[PDB]
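Visitor: model this:
(one chain, ligands or ions: 3)
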Amino acid sequence: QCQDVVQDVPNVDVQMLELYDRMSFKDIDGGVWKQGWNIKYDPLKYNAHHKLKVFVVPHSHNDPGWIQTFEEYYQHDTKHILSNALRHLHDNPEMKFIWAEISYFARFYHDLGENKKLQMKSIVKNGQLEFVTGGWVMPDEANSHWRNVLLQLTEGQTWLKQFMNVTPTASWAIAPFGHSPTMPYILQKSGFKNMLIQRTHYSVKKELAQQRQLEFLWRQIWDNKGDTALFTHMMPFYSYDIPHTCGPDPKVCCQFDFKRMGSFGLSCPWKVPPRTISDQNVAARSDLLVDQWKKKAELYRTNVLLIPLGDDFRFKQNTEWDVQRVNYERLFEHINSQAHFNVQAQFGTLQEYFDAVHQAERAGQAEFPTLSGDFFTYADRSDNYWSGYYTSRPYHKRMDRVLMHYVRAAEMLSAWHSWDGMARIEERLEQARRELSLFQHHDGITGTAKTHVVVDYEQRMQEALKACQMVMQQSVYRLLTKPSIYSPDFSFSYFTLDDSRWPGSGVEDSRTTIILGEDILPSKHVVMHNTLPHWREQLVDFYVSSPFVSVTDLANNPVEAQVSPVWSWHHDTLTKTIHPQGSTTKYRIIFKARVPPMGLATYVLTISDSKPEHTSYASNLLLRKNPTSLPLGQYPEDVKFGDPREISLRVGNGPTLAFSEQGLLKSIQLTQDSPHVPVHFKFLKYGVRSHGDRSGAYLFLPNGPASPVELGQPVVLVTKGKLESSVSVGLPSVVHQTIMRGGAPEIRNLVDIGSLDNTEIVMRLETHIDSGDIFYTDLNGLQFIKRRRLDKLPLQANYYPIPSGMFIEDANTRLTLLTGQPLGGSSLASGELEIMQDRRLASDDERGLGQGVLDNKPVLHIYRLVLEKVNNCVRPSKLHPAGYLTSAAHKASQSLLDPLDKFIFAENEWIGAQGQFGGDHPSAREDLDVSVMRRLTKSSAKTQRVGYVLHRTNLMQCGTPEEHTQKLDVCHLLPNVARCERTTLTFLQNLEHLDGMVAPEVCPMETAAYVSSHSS
Ligand SMILES: *[C@@H]1O[C@H](CO)[C@@H](O)[C@H](O)[C@H]1NC(C)=O
Ligand SMILES: OC[C@H]1O[C@H](O)[C@@H](O)[C@@H](O)[C@@H]1O
Ligand SMILES: [Zn+2]
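Guide: Residues are numbered from 1 along each chain as shown. Ligands and ions are numbered 1, 2, ... in the order given. The structure is reproduced below:
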């Protein structure tokens, strides 16, 4: 029986929204612990029968790209770290080391000779070298989609299982800029038992330390029972470096970082250096160190203390290993043999720490508090809130979501069949998965890497996109060709993908025009794929070389179509205006595609000599003073002109939208009768402070509230069609487009911040909704969390990640903005939503990047805007920390993140073409998704295995009866099932053998993975 995720408010010891509402956030000088207080302890707490057990855990933080590329770091640093770790752990059996980033480990291990491979396996098997988390990367937690977090986790852990025979159950996340409960959600469903985090607001650290609530059972905000709970250790101090990990006083801790004595070119900023430990100083050195340890121990509830020992790209040099080990070993021998300290200290791993903690727990020595909520937005000091990276490098943030979908579609389309090794399907998929996985890094998607590194990530993602296209088009050709005719050349392009929104019109001219002519080719077959497990209709568009084109399905039934011009916007440096030009050689044909669950549908575009019976033509109206003609070649309807004026548009039975004379939305009217609800789009700009701390790739430090962009008298293009209408306007830095297809409008912004330095461009919605100080934003496209605007915090602190959506509501009305890209946003006043488009910053913000953000490029941001009445919806109570989408808002999100894929047959004639694939696939309830379908075995395996990740969201009950839907049993999607197993989300561990070989559907908010086994 499913837990109810709406109506019962979990009773937790710490609820982060509630904590935020009560805490003061005062930035007072706490002493040597600058953001804390002078910790005191009772020397008598520890004694002979109750010792402080201390685990010193060596580690090295390796970025897969930041200041250097992945490969540059691997060559310069990481290969030497790992080679030295191998040698040193081999030679010194007591020494320990933890490793997080499997992308680097896999790269290293692959290059190892067999002898060294065996030595590596042995130091892993005996517990000396321990993998923590074991993801491809240590991902960003703000911008990343949960699906990509899981992908990168699986990529690393799958490698680890195969080659190292280990699956980590403890996670180490020292570096993401703030933390998401999406992590324990995924980890707990992937066999994890424990996790550790570091970058949380200094006020939160202070507050939880005071209550000894730095270790907690982290459960989801809607989880009443507590089954999602994962034990979490928050580190207490400012950094994960050695000076901030031994205890409260960095001036003391720095003296126990033995790499800082001079020969390594490092020093202690506190002006007191480390000194080599000798018999003459060991007593006083131990006095100091033990005192730090005991202070740190006061902040926690057991007699087991974690002491991380490391920093960025540490343990690189042979002499570094020795100097750390030998000095710590002198300290341990003295400390452990001095009874008065009542301490037992040793090198340990992370799992060792957690094991001992839980032993203390089980001996009744400690009980841990429960917690729900998130740890955004991070500030490491004063008013330096890390909300900048929610937006930095928006082009690549958008690319992430595009590749996210291509990877899923490529894996799904090819999963239906087993492929010969010659097809190189597995090879292309692995490359795509790894490149997408790499980008999840906390300097990848965050946009906090150097310019040349950002370029590396883009190059890597482009190759992944190409790999996905190859797999997809080979798969379509196979699924839709009579088997006895199917004749694959595995290097041949049977279909080319056509993507309307990536890179996007005005970003790159990348789409092929379907070239038809009564002297060249009369028709073209196209194919749509629907990765979602339900029947779907969506308008699709193609470029064609003639406006006289009509559409049929493969039963030759006419399909109603619309033809519109191809409009491109140009910043005209002669006229000094941004205005549209119509193509005289290409046209857009638009029609409604209908596609089976997880399936494919074929249509045919055919040329004629004159206007086809089932194809209409959009009117076009260019609104501006001083117009000139806009010829459209063969297009059958003349462009009309007018002075700027308010306009109103309605497609189908849909909403009626009213626009200002500047081409911006002003109101939405849901039905013929209802109010024109005030909903105004506005573009504004934030600056940078002229003195004090400057905004950079990480930090958002505005010089006050945003100011309106001066719009002048912009050119407005109105296109009106039976299937699709739109209003587009050429604003400074933005071509803003409102598109209507009969439901919630789509918004597209072609954002080109040009050379406007020290500017952040925000898009704001102004309504009269009585939201007060409440708004909702999502975490990793997984869940919506209630936010409260706090005026006791600066503007930048009220910014949150908008990875896929945000909304405001009152008793009666909700406005939901859904995104096709992660960006930063807020509700800075009742009735408002805003979301940053791009940011261009001249200065570095002193977090190590060593540069500003001056490499902006045009990006096409996409959105859906959903205005709804919600007075009839069953919503959570006022004290519940979650929110939930409606059915319409959820479908709108799916249309942005997982649209229909479009394929154009690349040759003249497709012999043996079939009309449809998947017509017999079950059409599942709308809240359910097949997030992943992946074949897990190569063709040579006798027993074939296919993995499925199944996710159910939770949608509001608002009085709309449920359509008739079919039970989806993933284990019976493929023929000849011999076994169905429930597994961890990584597919790595079998959890339940399933009766009747039937996969149950999952509960609201839950995610399950299944593997079906098949006789081959
Ligand atoms: C891997 O580790 C397991 C322990 O869980 C061990 O029993 C087994 O022998 C190892 N498997 C292989 C294939 O070496
Ligand atoms: O200061 C920010 C910076 O901190 C460290 O040096 C690393 O974790 C980087 O990945 C990160 O970007
Ligand atoms: Zn890092």
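Visitor: and the stretch 301-450 of the chain, which residues reach ligand 2?
Guide: Residues of the stretch 301-450 of the chain that fall close to ligand 2, judged by Cβ under 6 Å from any ligand atom: 312, 442-443, 448. Placement of C-beta: from N, CA and C, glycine included.
Visitor: Strands of the stretch 351-500 of the chain, residue ranges please.
Guide: 370-372, 495-497 (DSSP state E, counting those that start in this stretch).
Visitor: what's the most buried one of those strands?
Guide: Most buried of the strands of the stretch 351-500 of the chain, by mean neighbour count (mean count of other Cβ atoms under 10 Å): strand 370-372, with a mean of 23.
Visitor: Counting by contacts, list what that one packs against.
Guide: strand 14-15, strand 215-218 (3 or more Cβ pairs under 8 Å, 6 or more residues apart in numbering; DSSP states H and E).
Visitor: May I see the PyMOL selection of the buried members of the residues of the stretch 301-450 of the chain next to ligand 2?
Guide: The buried residues among these can be selected in PyMOL (16 or more other Cβ atoms under 10 Å) with this line:
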select buried, resi 442+443+448
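Visitor: The residue in the stretch 651-800 of the chain that ligand 3 sits nearest to: what secondary structure?
Guide: Nearest residue of the stretch 651-800 of the chain to ligand 3, counting by Cβ to the ion: residue 698, 11.8 Å away. Three-state assignment for residue 698 (DSSP: H, G, I helix; E, B strand; the rest coil): coil.
Visitor: Adding distance to residue 927, write the strands of the stretch 351-500 of the chain out as JSON lines.
Guide: Output for the strands of the stretch 351-500 of the chain, formatted as JSON lines (distance: least, Cβ to Cβ, whole Å):
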{"stretch": "strand 370-372", "distance to residue 927": "22"}
{"stretch": "strand 495-497", "distance to residue 927": "29"}
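Visitor: what's the closest of the helices and strands packed on strand 370-372 to ligand 3?
Guide: Evaluated over the helices and strands packed on strand 370-372, closeness to ligand 3 peaks at strand 215-218, with 22.0 Å, by Cβ to the ion.
Visitor: Just give the strands next to the helix or strand following the closest one in its sheet, each with its orientation.
Guide: Using DSSP states H and E, the helix or strand that follows strand 215-218 in sequence is strand 230-234. Strand 230-234 sits in its sheet next to strand 194-197 (parallel), strand 215-218 (antiparallel), going by DSSP bridges.
Visitor: closest to residue 494 out of those?
Guide: strand 194-197 (45.7 Å; Cβ to Cβ).
Visitor: For that closest one, output the C-alpha coordinates as PDB.
Guide: Extracted C-alpha coordinates of strand 194-197, given in PDB (Å, rounded to 0.1, in the frame of the first residue of the first chain):
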ATOM      1  CA  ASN A 194      25.700   6.200   4.500                       C
ATOM      2  CA  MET A 195      26.600   9.600   2.900                       C
ATOM      3  CA  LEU A 196      28.800  12.600   3.700                       C
ATOM      4  CA  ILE A 197      28.400  16.200   2.600                       C
END
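Visitor: buried residues in the helix or strand following it?
Guide: The element immediately downstream of strand 194-197 (helix or strand, assigned by DSSP H and E) is helix 202-210. By neighbour count on 16+ other Cβ under 10 Å, the buried set for helix 202-210 is 202-209.
Visitor: what do you get for stretch 238-250?
Guide: Those would be 238, 240-250, for stretch 238-250 by 16+ other Cβ under 10 Å.
Visitor: residues touching residue 838, list them.
Guide: 391, 394, 733, 751, 753, 760-761, 856, 859 (Cβ atoms under 8 Å, 6 or more residues apart in numbering).
Visitor: Apply 6 Å and report the result again.
Guide: Applying Cβ atoms under 6 Å, 6 or more residues apart in numbering, we find residue 838 in contact with 394, 751, 753, 761, 856.
Visitor: How about residue 908?
Guide: Residue 908 touches residue 521, counting by Cβ under 6 Å, 6+ apart.
Visitor: Distance of it relative to residue 515?
Guide: From residue 908 over to residue 515 the distance is 11 Å, taken as Cβ to Cβ, to the nearest Å.
Visitor: Over to residue 135?
Guide: Residue 135 is 46 Å from residue 515, by Cβ to Cβ.
Visitor: Which of the two has more residues huddled nearby?
Guide: Neighbours were counted for residue 135 and for residue 515 using other Cβ atoms under 10 Å; residue 135 has more, 31 against 14.
Visitor: my read: the more buried one touches residue 152, true?
Guide: Yes: using Cβ atoms under 6 Å as the test, residue 135 is close enough to residue 152 to be in contact (5.0 Å).
Visitor: List the contacts of residue 753.
Guide: By Cβ under 6 Å, 6+ apart, the contact list for residue 753 reads 733, 838, 840, 856.
Visitor: Doesn't it belong to a helix?
Guide: No: under the criterion used here (three-state DSSP), residue 753 is coil, not part of a helix.
Visitor: Residue 169 touches residue 192, doesn't it?
Guide: Yes: between residue 169 and residue 192 there is a contact under Cβ under 6 Å: 5.2 Å.
Visitor: returning to that earlier point: could you dump the strands paired with strand 230-234 to a markdown table with mean neighbour count and distance to residue 60?
Guide: Formatted as a markdown table, these follow (neighbours: other Cβ atoms under 10 Å; distance: least, Cβ to Cβ, whole Å):
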| stretch | mean neighbour count | distance to residue 60 |
| --- | --- | --- |
| strand 194-197 | 24 | 16 |
| strand 215-218 | 24 | 24 |
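Visitor: Let me know which of these is the nearest to ligand 2.
Guide: strand 194-197 (12.9 Å; Cβ to the nearest ligand atom).
Visitor: Right, and ligand 2 sits closest to which residue of the stretch 851-1000 of the chain?
Guide: residue 851 (12.3 Å).
Visitor: Could you report the neighbour count for residue 94?
Guide: Neighbour number of residue 94 under other Cβ under 10 Å is 11.
Visitor: Contacts only, for the residue nearest to residue 222 when sequence neighbours are not counted.
Guide: Among residues not flanking residue 222 along the chain, residue 5 sits closest, at 4.2 Å (Cβ to Cβ, 6 or more residues apart in numbering). Residue 5 makes contact with 222, 954, 1004-1005, according to Cβ under 6 Å, 6+ apart.
Visitor: Who wins on neighbours among the residues you listed?
Guide: Going by other Cβ under 10 Å, residue 222 tops the contacts of residue 5 with 26 neighbours.
Visitor: one step back: now for the contacts of residue 5, which pair is the farthest apart?
Guide: 222 and 1004 (9.0 Å).
Visitor: ok, for residue 788, nearest residue in space, not its chain neighbours?
Guide: Once flanking residues are discounted, residue 788 sits nearest to residue 773: 5.4 Å by Cβ to Cβ, 6+ apart.
Visitor: ok, that neighbour to residue 506 distance?
Guide: 38 Å.
Visitor: what do you get for residue 1009?
Guide: Residue 1009 is 40 Å from residue 506, by Cβ to Cβ.
Visitor: if you count what's nearby, which of these two comes out ahead?
Guide: Shown here are residue 1009 and residue 506; by other Cβ under 10 Å, residue 1009 has more neighbours (28 against 18).
Visitor: what's the more buried one in contact with, if anything?
Guide: 949, 983, 985.
Visitor: Appreciated, that's everything.
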